[PDB]
Structures are given as C-alpha cells and as structure tokens.
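Next come the chains, spelled out residue by residue.
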Amino acid sequence: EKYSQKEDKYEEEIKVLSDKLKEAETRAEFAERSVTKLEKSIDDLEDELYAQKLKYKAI
Amino acid sequence: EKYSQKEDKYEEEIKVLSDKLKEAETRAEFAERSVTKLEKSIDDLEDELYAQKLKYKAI
Amino acid sequence: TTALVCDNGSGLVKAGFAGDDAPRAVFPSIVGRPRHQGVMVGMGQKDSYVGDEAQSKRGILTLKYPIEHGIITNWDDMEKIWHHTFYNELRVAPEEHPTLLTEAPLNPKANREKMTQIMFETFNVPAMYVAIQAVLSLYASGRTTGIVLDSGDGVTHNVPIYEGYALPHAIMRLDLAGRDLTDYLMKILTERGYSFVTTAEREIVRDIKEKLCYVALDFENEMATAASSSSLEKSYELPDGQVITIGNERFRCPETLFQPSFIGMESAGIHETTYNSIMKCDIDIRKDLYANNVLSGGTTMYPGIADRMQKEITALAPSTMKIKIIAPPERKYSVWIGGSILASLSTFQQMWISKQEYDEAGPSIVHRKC
Amino acid sequence: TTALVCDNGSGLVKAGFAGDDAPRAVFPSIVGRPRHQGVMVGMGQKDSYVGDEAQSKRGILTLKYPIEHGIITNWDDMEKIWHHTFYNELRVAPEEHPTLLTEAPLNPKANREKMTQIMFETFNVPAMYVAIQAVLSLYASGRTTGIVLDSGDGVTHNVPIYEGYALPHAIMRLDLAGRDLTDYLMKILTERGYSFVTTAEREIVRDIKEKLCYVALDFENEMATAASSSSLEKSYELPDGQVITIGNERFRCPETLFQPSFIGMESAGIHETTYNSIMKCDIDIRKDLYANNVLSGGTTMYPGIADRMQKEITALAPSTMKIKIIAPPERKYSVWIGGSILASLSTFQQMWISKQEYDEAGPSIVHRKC
Amino acid sequence: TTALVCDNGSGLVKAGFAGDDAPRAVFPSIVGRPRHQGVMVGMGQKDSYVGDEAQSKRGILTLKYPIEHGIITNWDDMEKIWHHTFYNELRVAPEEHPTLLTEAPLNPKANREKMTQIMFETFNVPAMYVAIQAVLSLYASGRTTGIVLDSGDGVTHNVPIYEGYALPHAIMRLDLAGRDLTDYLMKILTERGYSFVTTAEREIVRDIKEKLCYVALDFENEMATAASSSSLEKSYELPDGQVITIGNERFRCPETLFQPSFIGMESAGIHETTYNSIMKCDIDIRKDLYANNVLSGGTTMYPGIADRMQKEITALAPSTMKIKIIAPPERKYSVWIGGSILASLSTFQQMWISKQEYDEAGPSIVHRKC
Ligand SMILES: Nc1ncnc2c1ncn2[C@@H]1O[C@H](COP(=O)(O)OP(=O)(O)O)[C@@H](O)[C@H]1O
Ligand SMILES: Nc1ncnc2c1ncn2[C@@H]1O[C@H](COP(=O)(O)OP(=O)(O)O)[C@@H](O)[C@H]1O
Ligand SMILES: Nc1ncnc2c1ncn2[C@@H]1O[C@H](COP(=O)(O)OP(=O)(O)O)[C@@H](O)[C@H]1O
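Residues numbered from 1 in each chain as written, not as in the entry; some residues may be left out. Chains lettered and ligands numbered in written order. Part of a larger assembly, values for the part shown. Heavy atoms only, no water.

Remarks on the site of ligand 3
Residues and elements named next belong to chain E. Here is the rule: Only a single heavy atom is needed: when it lies within 4 Å of a molecule or strand, its residue is near that molecule or strand. In protein, a polar contact means a hydrogen-donor-capable atom and an acceptor-capable atom, both N or O and within 3.5 Å, with residues adjacent in sequence counting only if both atoms are side-chain atoms; elsewhere, any N or O pair within 3.5 Å suffices. All accessibility values rest on the Shrake-Rupley procedure with a 1.4 Å probe; residue burial counts only the protein chains present in the view. To qualify as a helix, a DSSP run of H or I must reach at least 4 residues; to qualify as a strand, a run of E must reach at least 2; elements of each kind are numbered from the N terminus. In this classification, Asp, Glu, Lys and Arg are treated as charged, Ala, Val, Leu, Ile, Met, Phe, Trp, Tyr, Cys and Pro as nonpolar, and every other residue, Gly included, as polar.
Taken together, 14 residues form the shell around ligand 3, and within it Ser10, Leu12, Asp153, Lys209 and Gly298 come nearest. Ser10 is positioned with one of its backbone polar atoms (N or O) 3.0 Å from an oxygen atom of ligand 3. One of the backbone nitrogen or oxygen atoms of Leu12 is found 3.0 Å away from an oxygen atom of ligand 3. Expressed as a share of its isolated accessible area of 580 Å², the protein-covered part of ligand 3 is 89%. Counting only elements with at least two residues in the shell around ligand 3, the list comes to β2 (12-17) and α6 (199-212). Residues of the shell around ligand 3, tallied by class, amount to three nonpolar, seven polar and four charged.

This is the structure:
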C-alpha cells in the first residue's frame, strides 16, 4: 500500500506536468506566430516610413 | 513487481517532462523578449513615420 | 480579548480564533437523525448527531444540510451546528468573544437579521459582524484590486473590487456549486451501472468527485481521446470493496461549471460571467481587473481549472490585455484566512455591532450600518 | 412492411404488430428450470420452460426473471425469451420486420448496446429502435404535455414533457415497483401465519396482491377502522384449498408506494417525487404539468390510487392550481399502445437504425444518434 | 396607395396602416429558440418563434431581444421580426406599401443604412423613410413647440423643438429605460427571497413592474412610511400559484429614473437632464419649453411620474415660470400615432426615398437628404 500511494503521487505529478507541458507548447507556438506578425508589421512600417522619406527628401 | 516498474516509469516520465518544461519555458521567455523588442521597434517605426508625415505636411 | 471567525458555508464549517493561520475546526455542516428502530436497550440513543460524528454513524442516519444555497433554511439545525462549533470543537464560551460571521452577497435580509438575533440572544456574544466572503478572500490574497470568483458548496459569485472599492452593480451571483456537481455526478454514474441514491451514498460520491475529477483543457478532443483509448480510466474503491472505474465522467462532472446547460440551467459558464462582470465595470479599471482574477473556495480546486479559465477568458477578452488567474495552493480556506486577518486589525475594532447597539435598534441594525 | 413492438418490461412481455389496438401476446417474462429428479423414462424432458408454460409447470420449476430493475441481468435467458416471443407467440420471422424495443430512462448504456447487438446479430432484424416508456405512454394518452408517472414491475419513473420537449434534468427514477410490493406482502403475511418462500409461492402472492389490495385514502383512520371492525377482511383460496383471510394487509401493501420507509428505503413517496420533478421545471410550464399527471403501468392499477395521489399532490401544490390525475382504464398497456402508434407514423420511418448503419458504426450507433 | 408605420422600439413592435387611430399589431420584439431535447417524433418542431407566440412557449425557449439599446445588434432576428410583422400580423405584401420606420436620435449611421438596405433589398418596398421618435410624439401631442421626453425600453432622450425647428445641439440621450428597471427589480427582489434568473422569469418580473410599481412623490419619507406601517404591500401571483408580496420595492424600482446611481450610473436623473437640455437652448424659447414638457413611451407610464417630474423641475427652474408636464393617457403609442399622422400628410408624399433614388445612390441616401 505504500508502493500504491507513491505510485499515486507519481501519476498525479505526471498528469499535472503533462497538462502544463501542453499548455506551454501551445503558448510557445502562439508566441512564434506573434513573432511572425511583428516581423510583418515592422516590414509594413518600414515601407511606409521609407515612402514618406522619399517624398520629403524630394520636396 | 508491478508497483516497482510503474513507479520507475513514472519517475522517468517525471524527469523527461521536467527537463522539457525547463527548456520550453526558457525558449518561451526568450522568444517573448524577442517579441518585446519587436514591439518596441514597431513603436519607434511608427513614431519616425509620424515625424516624416509631419515634415511632409509642413513642406 | 480575542475574537472568533466562523465562516459557515453550505458544505463545511471552518471556525477558529482571530489571529491564527488556519481554522482550528473544519467539519461538515450536517445534522443526522436515525432512521431505523433501535433495539439494544441501554445504548444511549442520541436524538441527533452533528458534524463529523454524523459522518461516521453515516450508515444509519439520514443527513440534512441546514444551508441550501447560501441561505439557512433550518434554523434549529443551524443552531445545533453553532452550539456544537462553540462548545465541542472550539471549547470556548460564546459570551467572551466577538464573532465574525460570513455571508454570500445578494441573499435575503432575513438571513442576516435572524443570524444576528440568534447570536445576540441564544449565545450572548459581546459583539458580532457579518462580512462578505469575497472581500475576505481578497484580504487573504494580499491585494486591494481584483475580481474574485468564490465557488463553495452552494453558490458561485464574482465580486469586482478596485482600490478597496466595491462595484455592487457588477456583482454577479450564480447558483451552481459543489453540490450540483455532486448531483450531476450521481446521475452520470448511473449510465455506467452504479447507483447511489441515499444521502450517505451522496457523501461517497462527493469523495469520488474530490479525488478523481479534473477540468479538461479542451473538452471536445478530450472526449474523443477518452473514447479512443482507455488511459483516462481510474479506479475507486467504495467502503465495502466493490471497485468502480470511471472514464470520461472524470471531466464531464466539472465541465458543468463551463456549460451549465448540462444540468438544464440557462446561465453562462463561470468564465463568461466573469467576463461579463468585468465588462460591467468602468473602462479604466478593467485592465487591472483582467490581471487579478482571484480564485477561491473548494469548487475551484479541480486540477486544470486555472488553465481552462485563463484560456477561456483570453479567448473572450481583447488580444492585448494580460489575463492572470491567481489560484493559491490553499485557496480553499481563503475566506477564513481573510476573516482572521480582518478581525485582527486594530482599526476594525470600531466596526463590531456591540450588544448595546442591538438592544437599542433591534435586529435591523445589521444591514443598517454594518 | 409492418413492424413489431416488443415492450419488454420486468414482469410481463407485451408484443404485437405496429398498427393494432392491443398487444397480441402478453405472457410473464420468466424462465423456469426443473429442480427435481425426473424418473419417467421417455417423458421428453425439456431443459427450460419460458413464458406461461413455465407458469403452469411452476410446481416443479425454479422461476427466474432475467430483468431485475429494468436492467437485463441474464442475457441468455433474455435471448430465450425473445426467441419465444418471435417464434412461438407471434409466429413470425424476425428477418422481415423492424422491431421497436423499449427501455426505462437512466439505466446503463451497455443495456441498449447489448439489445441492439443481440437484435442485429442473432435475429437479423432489418432495423430497430429503442424508445422511452414514458414518451410512448404520453403518445397513448393522446397528449403532448404532461408529467407521466410510469410504474411497472421493476422501476418507477417520472418524465415531464412540454409541447413535445423533454426535461431530462427533471427525470426522476425510483427503484421500488410491483416486485418490491410483492416481497413486502410476502413478508407481511407471515404475521398471520401464512408462509410463502418458494418462487411459485411468490407468484401466488403476486396474484393475491393483484386481487385484494387497494390504496387507502387516509392511512391512519383506515388503520383504526380495520382495527375496530372486521368489515375489511376478504378471503382468498390458494390452489389447494386452504382459504386465507387478510385484513389491513390489503392496504398496507400498496401504501409502501407513499411511505417507502416501510421497506427500509430512504426515498420519498411517489406523490412527493412527482411534486419534486414538477418543481424542478421552469416556472411557466408547471401550471400545465399540474393538470396532466398521466399514470401508467401495472403498479398504478390499485383501486383508489388516483384519489390518494390527487389528495397528496393537492396538499403539496399551491392552493390555486387544478390538479388532475389522468388514469385511463387501460393504463396497463399504454406503453405498448403508444409504441404501436409511434411505429405506425409515416414520419418515423426515417428514425429506424438500419442494418447498414449498424454495420458501419458498431453497436454504439444506438445512443449516439438514435 | 396606403403606407405602413412600423415603430420598432426595443421592447414592443407597433405596426399599422397610415391613417388609423392606433397600431393594428402590438407584440413583443422577441425571438425564441428551444433549449431542451424534443422527443415527440412528429410534433413539427419549429426552429424559432417570434412575437407573442414565443411568449406562450416561453417555458421551453430562450428569448432574445434583437435590439439592445435602440441599436439593432442581431440582423437575422430583426429580419425575422420584420418578416413576421409584414406577413403574419399585418398580412400584406411589402412590395405595395411605402414603409415609415422609426429610430432614436444619436445612434450609429450603420443602423439606418442597414435598415434601408434590408427594406429595399429583401422586401422591395416602393419607398421608405426613417423618422425621429420625438418629432412623431410631438405630432401626436398636437403641438409644434415643446421639449419631449421619450422613454421606451432601451433609451431615454429629450428633444427640444420650437416652432417646428429642432435644436440638435441640445438633444440629450440617456441609456437607462424599462429594461434596466426590470433588471434592477430582478436584483432587488432577491433581498426578499425571490429568485428570478431566466429570461422567462425576466418577463414575469417585467409584468410585476408594470402592475405594482409607482413613483413616490417624496422618496425619503415614503421610505420611512413603508418601514413604519405595512400598508404599501401588495401581493402578486406567479403563474404557478406562489403568491409573493413586495413592499418598498414598488417605488424603489422606478426611482432609478431620478437617481441613476442606484444601478451604478454616473448620469443625472431625467428631471435634471430635462432641465439641462432646456438651459442649453436660447434664452427666449425656454419660457415656452418649460410649459410644454411632453412625456412619451412606456417607461413614462408609472403612476405619479408626472407629479414628481413637475415637483423636481419646479424646484430647479426659476420661481416664476410655469412648469407644465403634459402626459396623455395614451402616451404609450404617441410615436406610432404621430407616425401615422405624418405618413398621412399630403405634403409629406415628396419626402419618401423612392426605390430609384436608392438604386442610384446606394444605402447612404438615407441620411443625405432624408
Ligand atoms: N479537492 C477538491 N476537488 C474538487 N472539489 C472539491 C475539492 N475539495 C472540495 N471540493 C468541493 O468543494 C465543496 C466544499 O467547498 P467549500 O469551500 O468548503 O464550500 P463552502 O465554502 O460552502 O463550505 C464540496 O462540495 C466539494 O464537492
Ligand atoms: N390489477 C392490479 N392491481 C395491482 N397491481 C397489479 C395489477 N396488475 C398488475 N399489477 C402489478 O404490476 C406488475 C406488472 O405490471 P407491468 O406494467 O406489466 O410491469 P412491466 O411493464 O415491468 O412488465 C406486477 O408486478 C403486478 O404486481
Ligand atoms: N403600465 C406600465 N407601467 C410601467 N412601465 C411600463 C408600463 N407599460 C410598459 N412599461 C415599460 O415600458 C417598456 C415598453 O415601452 P415601449 O414604449 O414599448 O418601449 P419601446 O417603444 O422601446 O418598445 C417595458 O419594458 C415596460 O417595462
């Protein structure tokens, strides 16, 4: 019965650790998608600021 | 016998999943500081673009 | 002189002394009476058993909770439970201690009026006071700003606080809690063969719920997974042998908190009522409310409830604000801990309802100023 | 092609053809096996007798019901009973008829899964379907709204329906029925000297129950009246002579339906569970539920049960509602009648579980869609 | 050809024919959908019920208003309600009638744009037009000068008019109306023990509000009187028996119109917003505005609201000018009555938005000229 209760606490730790693992994996994938979005947005901002710089240096 | 082997399997799952949580949270926070600096870059880009709009509306 | 904290609740009495770190007495809020005949002359048959003595003679008794949905509906049994709490569990004299009782928000006035009348008359407390469980939970969490989600045995309620100010127009009270989950589990277990109909069997099912149930992060594919393999099945042993095994019931029971339609209620899940209570507050404080969700009570103790709550509120709220679910590891006693902290404050010693004030104003003094 | 209706029940098989007005075959759901020696060489000993053949030879057989509390607990005996029903009673070929079986609510899933697997494999029915007894009883009553109290041989249940919508959270299932009353009467007759212990004697006592028992309008003064005079005593003649006479047992036996503590159960009487199932429904439909109590099943056939039911519910409900107990004179076959009506509807011919759907989906198809 | 008037509002649809004296059809603006299972095969289950048919199947449906605060937020349900209004209630063809729709002031442009697009496309009306409720209420009152306070189910607004000229800078729109009073009453009834949580129960509480509530001339001593005696208590009977009695709630509910802080709003009472909208007008016309306060809409139907309004505005205004609250006995239909009058005018027949004008200028024509 001691072995039983140790195995029980073991499987408890296993379940909770796997739950937080899956949560953190989804978090990491979402963070990577966020990085992609930020690369896209900085790209667009660079383009627009550069167009305005062109016009300003022109005038 | 079954309790010994089940507890050993639970221990090895504990260890692997613990290291995986370690590496996952580290890569996560590092990608998140990357996200942070990209957001600050978005800020700087938008500000300089606003500045160029200012110069264009002036001249 | 020290004071007593007596968080009543609909499932568990937690009492103790103002200043400690944990309640001194924690026992079921239950009163049992014998059903059967009684033959052995001289056994000293008691009329009724209270507390956890009624939990060990459980097999021959019919148990009754004197609190249904945060409302005391049997005042004699509640008086029995209070008498027990004072004399046999704490072993004090109620005439030498102010008493800090606790109540849920948005329940009838007669509840507090009768409560204070009972105290002052049939216990002769020097003073008393009736707090709100959410405020005390915030005290125990060590904050002054946040939206708590207290979910005990009878009632689930949100209370948003900001800088120590309550938003009483945004308090949302819901009426499914631990007991309705216990009943839903008693019903779902029949579709696997097991039949629990007695009150004692309801206690057994409550223990099954406290041991084997958890909240699925994603209900649908969790359901599909439980259907595919059989790795989610755990076994439980009733107190006569008779091992039972449950599968998807483990997470189908607490899922009712997020889809209250499973028990035929029209309300929304706890995540949606939390979001609504937030969106009912002024636009300036809700960014700070989003990051101070404080979970409290026993029903918030399921594994994976904080993760599911955060996922749901994140999917609901704007994609910029930071959702933080604060679930302490001892969140089951936050109301009592906060009550002790409050009753121990120096600046609080003027808020008690002294016996003279009651003698002058009747039982209506309670909601009048306090 | 016509379809079969096979209301199984735990005490009587009622089978027939969809479209008739009454079941074509009604026999006990029982299987008998010889217990004694067997000496006459060449008598042609059968291994087991089913139906009412086992009822006439019951002196030498040991009788067994393969259904205990609505649940089939002996699948070989149930297969024997179905084989009998199809080939010897109805005299058809099951390969040419869709079959409409019936089941009580809130009983294990494996029951329906095994039902449909048995049908499709060892009988090769073209299609089948498993209905709920209370819904069919409401069909037969000619209504679409009402709370129906079905009480057969194994299980008593309420199902509230409104406008054709079931309220599955208010379904209440109770597990005392005709058989527990038969056992209580077997136990109460010992205090007059009569001793029935055999299964055949259990059948004798069931007949005594069906002939001499009634529900007393007021239990206490009826008890005092039976104690005062002797005008309530009837006499019954066992099938060997030996006239027996019973007194207050006549109404003490069915009184257990209103005081289930007589057999040591903790539940409430049928009147109180009916009232509770009503009060568990939305406040707008319960005025129409109060006036459409539909009694069904054999155990609701005692003289004076409708009046006692109305008196009790009237005493429980508010003093403005109109309580109406609807008790048809043929209420013992309402489930079968409604099942025939249902299986005859043209819009129903798409709800069958065709053989091909089963071949694709396994036995789990039954509850998963239908 | 005759024209249609379709005053929508957020609580009641009022439709009719231009020229009549009262709306021909008056039904709730509700779309109901079933919650429960549905077991009677062949009952012909509709998908959704609208109007007062959804009000009779109330017990099994979940009701939804498609207009929240004067703004249409569910366009499919609004289209369902309009379809019902045209075909089942009025029984006409929308292709043969100009339609006069109605809207509150200071609400998004997309509202009118989508309204006219829906009309012209999915109903093919020959012409249409969108009026302002306050102007039509003035038409019905038979005046050309006055400040009209319209208070329906979603929005309260003041519009000051002089000699037929509007003062758009002095229009003040408030966002508490009948529905917020219904919610506040649902909340205040809990402190007596009564619990209404469902949408059907919200309709019950709305009926209680319409039958028992009134405005106190002086809130404070009325409160003291209600606390002293018990002569203010009436008794209402829910639709299952269960008599309930309410005391000071009767006037605590509509008092929120004069102290919107009871529901946690920062605005001022209707008397003070009326006085502010008056003082925002030119100093010459306000002497005539003070004497032409025109009440309109359902929420202005409480007993004693005119006297309280007059007392408050008199206390605010200078002590010489003559305050005069005009509250017709049929003020609940003033918007529709004025709409019929307006659509009947011969000189108005040039203001319609013909279908060809829309076919040229897109949906944006509505606020360009009309
Ligand atoms: N570890 C647990 N997991 C899940 N549920 C629990 C757990 N512990 C207690 N509960 C539920 O919480 C309820 C008691 O919570 P509690 O906070 O004491 O309620 P109250 O405050 O009303 O006394 C019980 O009904 C039980 O079902
Ligand atoms: N006339 C009667 N009076 C009292 N009880 C009856 C009568 N007829 C049948 N019963 C009871 O009803 C039971 C059979 O009812 P039935 O509806 O056929 O049950 P099931 O549906 O389970 O087969 C028997 O156990 C018997 O005790
Ligand atoms: N007799 C009454 N007394 C008090 N309030 C009423 C009465 N009749 C209706 N109401 C309130 O008025 C509202 C409906 O008013 P109505 O003018 O139809 O609004 P709308 O024009 O927006 O549909 C309801 O919500 C109800 O609360």
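Back to the text.
What to know about the relation of the copies chain C and chain E
To keep it simple, the criterion reads: For this overlay, the copies are fitted by least squares on their C-alpha atoms. It only takes one pair of heavy atoms within 4.5 Å for two residues to be counted as in contact.
Laying chain C over chain E is done by rotating through 167 degrees and shifting 28 Å along the axis; what remains is an RMSD of 0.1 Å. A low fraction, 12%, of the interface residues of chain C reappear at the interface in chain E, so the copies pair through non-equivalent surfaces.

Brief notes about the packing of helix α1 (residues 2-58) of chain A against helix α1 (residues 2-58) of chain B
Note the threshold: Between the N-to-C directions of two axes lies an angle of 0 to 180 degrees, each axis being a line fitted to C-alpha atoms and, for a helix, fitted only over the stretch in contact. Just so you know how the angles are binned, under 35 degrees is roughly parallel, over 145 roughly antiparallel, 65 to 115 roughly perpendicular, and the rest oblique. Less than a right angle of anticlockwise turn of the near helix away from the far helix marks a crossing as left-handed, whereas a clockwise turn marks it as right-handed.
Across the interface, α1(A) lies against α1(B) with an axial gap of 6 Å and an inter-helix angle of 15 degrees. The angle between α1(A) and α1(B) places the two elements in the roughly parallel class. In the packing of α1(A) onto α1(B), the handedness of the crossing is left-handed. Broken down by class, the residue content of the contact of α1(A) with α1(B) amounts to 25 nonpolar, nine polar and 24 charged.

A few points about the site of ligand 2
Residues and elements named next belong to chain D. As a structural note, the neighbourhood of ligand 2 is formed by 15 residues, with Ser10, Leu12, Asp153, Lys209 and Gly298 the closest of them. For ligand 2, whose accessible area on its own is 570 Å², the fraction buried by protein is 88%. Secondary structure elements with two or more residues in the shell around ligand 2: β2 (12-17) and α6 (199-212). Looking at the shell around ligand 2 residue by residue, the class counts come to three nonpolar, eight polar and four charged.

A look at helix α12 (residues 334-344) of chain E
Residue and element names in this part refer to chain E. Let me state the cut-off plainly: Think of it in three bands: residues with accessible area under 20% of the maximum for their type are buried, residues over 50% are exposed, and the middle band is partly exposed, with areas taken using a 1.4 Å probe on protein chains only.
Of all eleven residues in α12, nine are buried; the element is thus mostly enclosed. What α12 keeps buried is the set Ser334, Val335, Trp336, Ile337, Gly338, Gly339, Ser340, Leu342 and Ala343. Summarising the contacts, the buried residues of α12 are in contact with β1 (4-7), β2, β7 (99-103), α4 (133-141), β9 (146-151) and β15 (293-296).

Quick word on the nonpolar core
Keep this limit in mind: Residues belong to a common nonpolar core when they are buried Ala, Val, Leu, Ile, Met, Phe, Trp, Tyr or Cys residues joined through side-chain atoms within 4.5 Å.
Counting residues in hydrophobic clusters, the biggest one holds 47 residues, and the most contacted among them are D:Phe196 and D:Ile208. Elements that contribute at least two residues to this core include exactly β9 (146-151), α5 (178-188), α6, β13 (234-238), β14 (241-246), α9 (270-279) and α11 (305-316) of chain D together with β6 (61-64) of chain E. If one sorts the elements of this core by residue count, α6(D) sits on top with four residues. Once residues lying within four places of it in the same chain are set aside, the contact partners of D:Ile208 are D:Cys213, D:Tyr236, D:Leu238, D:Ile244 and D:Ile246. Membership of the second largest hydrophobic core comes to 38 residues, among which are D:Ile283, E:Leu189, E:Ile270 and E:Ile278.

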